[PDB]
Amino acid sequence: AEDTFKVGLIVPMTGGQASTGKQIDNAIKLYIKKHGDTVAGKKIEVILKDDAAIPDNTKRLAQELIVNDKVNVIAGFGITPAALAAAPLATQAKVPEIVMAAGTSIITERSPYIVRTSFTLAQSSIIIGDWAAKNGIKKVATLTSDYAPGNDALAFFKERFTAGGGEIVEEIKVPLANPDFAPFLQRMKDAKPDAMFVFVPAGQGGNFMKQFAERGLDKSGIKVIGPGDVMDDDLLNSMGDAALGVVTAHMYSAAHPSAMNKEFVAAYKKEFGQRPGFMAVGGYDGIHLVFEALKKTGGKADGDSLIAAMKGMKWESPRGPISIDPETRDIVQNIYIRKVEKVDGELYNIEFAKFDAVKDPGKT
């Protein structure tokens, strides 16, 4: 048992956010295919548990992994409440909690053992806020999922956009579970703002765009902006021409021109027959952090040693250069602005702007 290192992966494999857990599970499989399953004399075992994005299930499964399976690390957490539900047990058992998906700013402050490899909504939202203001968009209506990351997206977009002389004319919120976009989009057809600012979690953008095109807003001259979540690369292949010209700020694009991303995407497509999205890259880097931490401690598997090793650690990711902030345990990464274009018959988020090494604005 001393030659074994266990990772308890708690992600949604079923339900609304199933696409998140599918991507993270896949990326981790690929990382192991490409790097092996052994570091510092320890055989890594990933134990997968489907919480179906229900926080009550996340707590039960995290307790079951830590106490019964005696995992060294817990990872994943598709939504913010899933991450928050597991934080007390991570703190009590001194087990690192690797947040590979959830994007609310405060998450890292809720446990000293939390480290994040995904993003915060504030990171992207401040950038699209500034861009919209500087690009002649004056009147914006917002649609944001009615929970923590959506509130973060809205608050940070609003702050930067209004400081640039923009006006928010309407604020609309929809549930995380089975949102209906029709009423808001009908409101958009009558009251016509310059753009809509839209946040919906990974896996939902396809449904938004489907209803967007059905209400014919593609011709209305209302631009679509926001953080990249709506323009999920896992979903872009299914979207029609209405998505063309949608401008988002985000930390990852499948079209990121780097050699490592070229290699990552090709390998992902070959192995799974699908384009990887931003959730996949969150898992891929989450498990890299686990591998590289064990290497740096020389096999020491206790929580304190791992966290200390994880802090300040920097590497190149398919998304670009990233690092774990030694002070906050949150991810410091580039934020890009992208435009949806068609290349070789496929829609891509094409990066045209780059902001270097953005710390979470929710903590700065």
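A residue's number is simply how far along the shown sequence it sits, counting from 1.
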item	value
Mean Cα B-factor comparison, 315 to 323 or 50 to 58, giving the higher one as deposited	50 to 58
Entry-level comparison of average CA B-factors, 268 to 276 and 214 to 222, reporting the higher stretch	214 to 222
Record-listed C-alpha B factor of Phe184: chain third	highest
Third assignment of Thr297 from its chain's C-alpha B-factors	highest
Position of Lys262 among the chain's modelled residues by C-alpha B-factor, lowest, middle or highest third	middle
Third assignment of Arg329 from its chain's C-alpha B-factors	middle
B-factor third for the C-alpha atom of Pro175 within its chain	middle
